[PDB]
Structures are given as C-alpha cells and as structure tokens.
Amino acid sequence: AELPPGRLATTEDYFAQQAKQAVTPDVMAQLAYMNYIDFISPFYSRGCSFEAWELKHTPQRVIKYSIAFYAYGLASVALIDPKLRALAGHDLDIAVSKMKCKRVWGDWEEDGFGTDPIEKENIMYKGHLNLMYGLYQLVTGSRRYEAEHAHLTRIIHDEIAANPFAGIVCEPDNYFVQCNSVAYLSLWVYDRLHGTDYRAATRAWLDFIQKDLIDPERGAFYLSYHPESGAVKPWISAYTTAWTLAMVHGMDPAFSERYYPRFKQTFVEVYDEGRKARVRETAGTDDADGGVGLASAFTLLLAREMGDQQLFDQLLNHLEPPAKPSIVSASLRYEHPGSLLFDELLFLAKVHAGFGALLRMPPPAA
C-alpha cells in the first residue's frame, strides 16, 4: 500500500522483488555500501583487512556472524535479479576469503581451544563457513573452494555420526540448536551440488531437538544443552528460536509451520494500534530485546521466511525508523543502529527468498 514515516519502501515492494526480477532502490543502496568505497567498504578486498568492521565497532567475536549474514543475503540477491548474480558471486568469493582470516577465527586459539579452527567442535564458526562454501558454488558454478568444501563437509558428517546425541557442540560441552541448524543446512546444499545423501541425518536431529530442547506448548527452544552434565539451561530464547525455525523451515516446512503460531503468542508484542511489533527475548518479562538484543531482528527474518507480511511490516516499523536511515551518494547509512549486526540483518530480511529456494537455485547461465 503505502510506507510509514521513517520507512524506505513498502513491505509489498520487498516481497515482490523476485516476481519483478529487481531489488528495491534501498536494497541497491545497501549493496553500494557493501561494495563502493576503496579500502573501507566491507567487500572491497579478499585480503585480511577489516576496516569496515572497525568503523562499525563490530566486536571481534561477532565478525564471523556479520560475514555469514551478508553472505546469506547475497545468495537471495542472486535469485532476485539475474543481472546482479555475477556481483553477488564475487561478493560471496570475498566473504569466504575474509572468513578464513585469523582476525575472524582467532578467538578459538586465544580462548585456549587449539590452533586449528576446523578440526573438531567449533561448529559456530565452521558451520557457517561450510554453508558459505556451498552457497558460493550454487551462485557461481565455480569449483574454487570444492576441495575445502568436501573436506569440511566430511568432517562435520563424521562428527555427527560419532556422537551419542544428535548433532555437534560448538565450544566443548556447549550445544546450541541454532548453530546445528546452519551445519545441517550446509549438508542439504552439499547434496544439491553433488550426488550425495549427507542430509539423511536431518531426520534424527529434528526428532531429537523436539524431545527435550523445545517447549512444544510455547513453540520455543531452551537456551542450550550440555551433553556431559545432561543440563538443559531452563530459560527459553526468542532469538534462538526465530533463527532455528527459519533455517529448519528450509529443510522441513511442516516442523516450523507447527510451532510458528505458538512462537508468536509466546514472544511477540503488537503495539501502536497494530502498526508495530517488538519481541521479548525470554519468558516472565515485559522487556523487549533483552539478552544479546536480537530477538526482533531474527523474528523479522523468520516472518519473511514464513511469508508473514503483516508481522514483517510491524517489526520493520519498530526497527528501522528510530535508526534514521538516509541515502547519500546512492549509498545506505544508519545514524543510530539499534543493535549488533544491524545493517546485516535488515539487509538479509529485505531480500530473503527462503532457505528452501536457495536450495533449489537454478544453475548459472554459463
């Protein structure tokens, strides 16, 4: 219809991008922020320079997630506009390269866990890296990283097969359903590119997480599981659940469709006479966006994945105007980003074509 005060385009416009085979003008301006200025734009160089993240005060531990969410958005841009597919592929190439720099993964070694960030555990880093390898090849058709993708995929597969519980831990003795969801999605992508059936393990993982790691009544996952002590931390998490449901919807749509209504009841607050919405991070509080501060932003991605245009509009009306977007020299900027990973996640939500459609992305024109 029409756009609220501090909004750049309507929700109708974002949802129509694929049908119209073109990104909106503000999505183009975000692509310009990512690509345009020498040395300081985030996708300027495959080198290990991180000036763009320094300029944004990205904490070191968060750089790997920023790169990953940029990559996931780029993959949908490729699906939206055939004429931007080469550009998206080039940016994905750079994302894989930067992801492998020690600035990005070195917290593993500084925390004392080892010098090799892919060898075992650390799925929080290598789950994303493996998915990125795969999306890069889907987009470009390039075998640049094929040997690396095969090696990391088998490593992930072997870890899963050898655990008594379904899945893999991130750090030693810490298990997170959201990092597992990335890892399993990368198996689906590998199976798409090659003959394989790495995805066969997904069934046992979906059955396992619905047992003790989820509150089926509230449609919400608990914070984390700890296999050695058997502990499940007793708080439910909105950002955890929105992220997980979104990726799971790409592999088993019925699963996410079952819990999504109950999820909204549990965490989502509609206000401003139906015009806006904000998301509580855990139960037993009125406060929105507590904890890591990302409940609302990940629910925006979930709403987009589930095709919920109403909730999408309500969340973006809450999230974007107070941040004060402007476009300068055809480039997107925010004066007051409201959270970590802010331009990254709003970019992803505006373009996201569904993790299922990424799995079914047609071959490049060659």
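A residue's number is simply how far along the shown sequence it sits, counting from 1.
**Q** Mean CA temperature factor from the deposited coordinates, higher in 183-191 or in 210-218?
**A** Looking at the recorded C-alpha B-factors, 210-218 comes out higher on average.
**Q** Is the mean CA B factor in the deposited entry higher across 167-175 or across 99-107?
**A** Mean B over CA atoms: larger for 167-175.
**Q** Pick out which of 237, 137, 202, 76 has the highest C-alpha B-factor in the PDB entry.
**A** Result of the comparison over 237, 137, 202, 76: 202.
**Q** Check the PDB entry and point out which of 89, 293, 274, 127 has the largest C-alpha temperature factor.
**A** In the PDB entry, the greatest C-alpha B-factor among 89, 293, 274, 127 is found at 274.
**Q** Considering every modelled residue of the chain and its Cα B-factor in the PDB entry, is residue 151 in the lowest, middle or highest third?
**A** Top third by C-alpha B-factor.
**Q** Looking at the C-alpha B-factor of residue 280, is it in the lowest, middle or highest third of its chain?
**A** CA B-factor rank for residue 280: lowest third.
**Q** Thinking about Cα B factors across the chain, which third does residue 15 belong to?
**A** It belongs to the highest third of the chain when residues are ordered by C-alpha B-factor.
**Q** C-alpha B factor of residue 255, ranked within the chain: lowest, middle or highest third?
**A** Its C-alpha B-factor, which the entry lists for residue 255, ranks in the highest third among residues of this chain.
**Q** Within this chain's modelled residues, let me know which third the CA B factor of residue 162 belongs to: lowest, middle or highest.
**A** Within its chain, residue 162 is a highest-third residue by C-alpha B-factor, going by the deposited values.
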